[PDB]
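Asker:
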Amino acid sequence: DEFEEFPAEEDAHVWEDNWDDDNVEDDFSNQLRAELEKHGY
Amino acid sequence: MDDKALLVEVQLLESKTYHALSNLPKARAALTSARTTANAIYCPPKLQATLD
Amino acid sequence: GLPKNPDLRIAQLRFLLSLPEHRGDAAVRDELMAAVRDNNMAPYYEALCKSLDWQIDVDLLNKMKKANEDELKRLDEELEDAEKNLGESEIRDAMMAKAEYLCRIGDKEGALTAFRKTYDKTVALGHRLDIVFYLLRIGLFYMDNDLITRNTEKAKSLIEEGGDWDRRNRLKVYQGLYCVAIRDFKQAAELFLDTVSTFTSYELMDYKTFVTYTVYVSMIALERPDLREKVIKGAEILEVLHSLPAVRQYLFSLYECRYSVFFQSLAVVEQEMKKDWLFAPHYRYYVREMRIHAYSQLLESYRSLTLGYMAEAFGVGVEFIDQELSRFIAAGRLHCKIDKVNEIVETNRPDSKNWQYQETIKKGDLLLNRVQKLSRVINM
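Residue numbers (the authors' numbering), protein chains in the order written: chain e, 17 to 25, 34 to 65; chain X, 160 to 211; chain Y, 10 to 389.
1. Nearest by alpha-carbon distance to Y/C188: which of Y/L134, Y/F201, Y/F323 and Y/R358 is it?
2. Work out the CA separation of X/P204 and Y/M228 for me, nearest whole Å.
3. Within 10 angstroms of its Cβ, does Y/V350 collect 16 or more other Cβ (buried), or is it exposed?
4. Measure the C-alpha to C-alpha separation of Y/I140 and Y/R101 and round it to an integer number of angstroms.
5. Interface residues of chain e around Y/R192 at Cβ under 9 Å?
6. What residue does the beta strand (DSSP E) around Y/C345 start on, and which one ends it?
7. Anyone know if the C-beta pair for Y/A120 and Y/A108 falls short of 8 Å?
8. Give me the chain X residues within the contact set of Y/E265, using Cβ-Cβ distance strictly less than 9 Å, ordered along the chain.
9. Can you give the Cα-Cα distance for Y/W364 and Y/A339, rounded to whole angstroms?
10. Are the beta-carbon atoms belonging to Y/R137 and Y/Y128 less than 8 Å from one another?
11. List, in chain order, every chain e residue whose beta-carbon is nearer than 7 Å to that of Y/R293.
12. Measuring alpha carbon to alpha carbon, tell me which of Y/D331, Y/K382, Y/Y304 and Y/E328 ends up nearest Y/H344.
13. Residues of chain Y with a CB under 8 Å from the CB of X/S174: which are they?
14. To be precise: take each residue of the segment 222-239 of chain Y, compare its Cβ to all Cβ atoms of chain e, and keep it if any distance is under 7 Å. Which residues remain?
15. Using 8 Å as the limit for Cβ to Cβ distance, is e/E59 near chain Y?
16. e/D17 CB to nearest chain Y CB: under 8 Å?
17. Going by Cα to Cα distance, which pick from Y/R46, Y/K59, Y/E89 and Y/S60 is closest to Y/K74?
18. Taking Cβ-Cβ distances below 7 Å as the criterion, which residues of the segment 241-273 of chain Y are in contact with chain X?
19. Determine the chain Y residues that contact X/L183 at a beta-carbon separation under 7 Å, and present them in chain order.
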């Protein structure tokens with residue numbers, strides 16, 4: 017019972041990727057270094 | 160070599176360094192081997208004291 | 010036991026060279042060039058030169074090509090001699106040697122087809138296992154997901170028919186490495202913990218590297234009781250960690266709830282993990298999961314805590330801890346909510362009955378959707 021009325025119109037990774045993976049940000053080491061030097065002084 | 164006193168001493172040393180490395184089962188196995196070899200020769204008082 | 014061909018160190022060095030900040034590195038280049046010139050690896054030299062836009066040395070390349078050609082002629086001559094004068098065993102050994110040389114000199118497709126032909130001619134079960142392990146090593150070297158999966162299935166089936174414990178342990182190590190490669194960290198931790206006491210696959214990596222991988226993956230996979238029983242109190246793990254103070258500190262800081270040292274060690278671990286050829290794409294995921302794990306572990310023992318308390322415990326500022334907490338709650342990872350006026354995080358851990366009711370609602374909804382679909386299918 018196919019629905020032919022509606023026409024049926034690289035990154036080949038197997039693991040499930042969560043939305044946060046797409047979010048861009050600096051490395052955690054950089055963030056930790058920045059926070060450490062901010063709170064150090 | 161049949162010099163089992165040296166073998167007992169070395170087995171005890173192996174058990175000691177295994178225990179110092181937190182590898183408790185391996186230290187226990189080395190100590191058990193040392194005791195098995197020790198109950199086949201005359202252990203001097205120093206060697207028996209180290210064993211105990 | 011098994012030969013180190015192909016060398017995974019070569020793949021690690023190539024990946025490190027492909028990295029931006031290590032692209033201009035020289036020591037990696039020197040070590041890789043030394044490995045290639047000790048192995049006379051011409052086709053992989055061409056592949057690396059075209060991938061990295063390197064300037065090919067014509068003299069060295071021609072010497073490598075001539076050496077490969079004369080060696081291949083020698084193996085072909087030995088194969089012909091075995092076929093004419095000797096039995097199937099000698100021709101089989103000659104074909105295995107030819108395939109091994111093809112994989113050694115960096116040929117991918119040639120090694121694949123030669124090993125496939127050998128497997129077609131291979132009869133002895135141990136030699137079939139060895140050929141399948143060689144194919145798995147090649148797939149790991151080239152990160153060929155389909156090849157690795159097919160050869161893993163083949164090896165599992167072969168071991169199920171007839172499997173010695175040594176080859177089964179090696180297959181466990183290979184499966185753990187692949188599971189790490191596909192971010193399936195739970196299975197990787199299972200396999201690495203099962204094989205840590207009897208690790209013999211030194212061709213894949215050294216014992217210290219395997220143990221560091223095991224510690225990382227077990228930390229990201231196991232809960233607190235399993236981590237304490239199998240990793241914190243692990244005999245061999247502690248023995249090797251006595252020679253790895255950084256990894257030991259990273260592991261023990263989370264278990265002992267020393268969160269500032271844990272965060273610093275996690276930054277160090279992330280820096281190590283970025284350069285790793287095998288843990289490459291999952292370093293952000295691993296770091297995020299570790300941050301979530303630390304936050305949840307701290308919040309498990311508290312009902313309501315000041316944001317300043319977390320800032321002091323993790324050794325960070327109030328703003329950073331607030332931002333990370335908000336991002337992780339928004340993703341539904343931490344059972345808490347923030348009162349920014351008082352700057353107090355209040356945990357919202359469901360009780361046993363509420364969690365059981367929610368799980369019942371979810372599972373029953375799925376089962377009732379299945380039941381409705383089935384009934385509508387069958388009742389016409």
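The C-beta atom is built at its ideal place from N, Cα and C for all residues, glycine as well.
Answerer: This is what the structure holds:
1. If we check each option's Cα against that of Y/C188, Y/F201 comes out closest.
2. Rounded to whole angstroms, Y/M228 to X/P204 spans 48 Å at the Cα level.
3. Exposed, by the Cβ-count rule.
4. One C-alpha to the other measures close to 12 Å.
5. At a C-beta separation below 9 Å, Y/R192 has these neighbours in chain e: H37, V38, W39, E40 and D41.
6. Annotation for Y/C345: the continuous beta strand (DSSP E) segment containing it runs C345 to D348.
7. Contact: yes.
8. What Y/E265 touches in chain X: nothing, since even the nearest Cβ is about 16 Å away.
9. Going by the C-alpha atoms only, they are around 19 Å apart.
10. Yes. Within cutoff.
11. Simply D45.
12. Of the candidates Y/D331, Y/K382, Y/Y304 and Y/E328, Y/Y304 places its Cα closest to the Cα of Y/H344.
13. What X/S174 touches in chain Y: nothing, since even the nearest Cβ is about 13 Å away.
14. The residues in question: there are none.
15. Yes, contact with chain Y.
16. Judged by the 8 Å Cβ criterion, e/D17 is not in contact with chain Y.
17. Checking every option, the nearest Cα to that of Y/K74 belongs to Y/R46.
18. Taking 7 Å as the cut-off between beta carbons, the residues of the segment 241-273 of chain Y near chain X are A244, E245, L247, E248 and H251, in sequence order.
19. The answer, in chain order, is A244.
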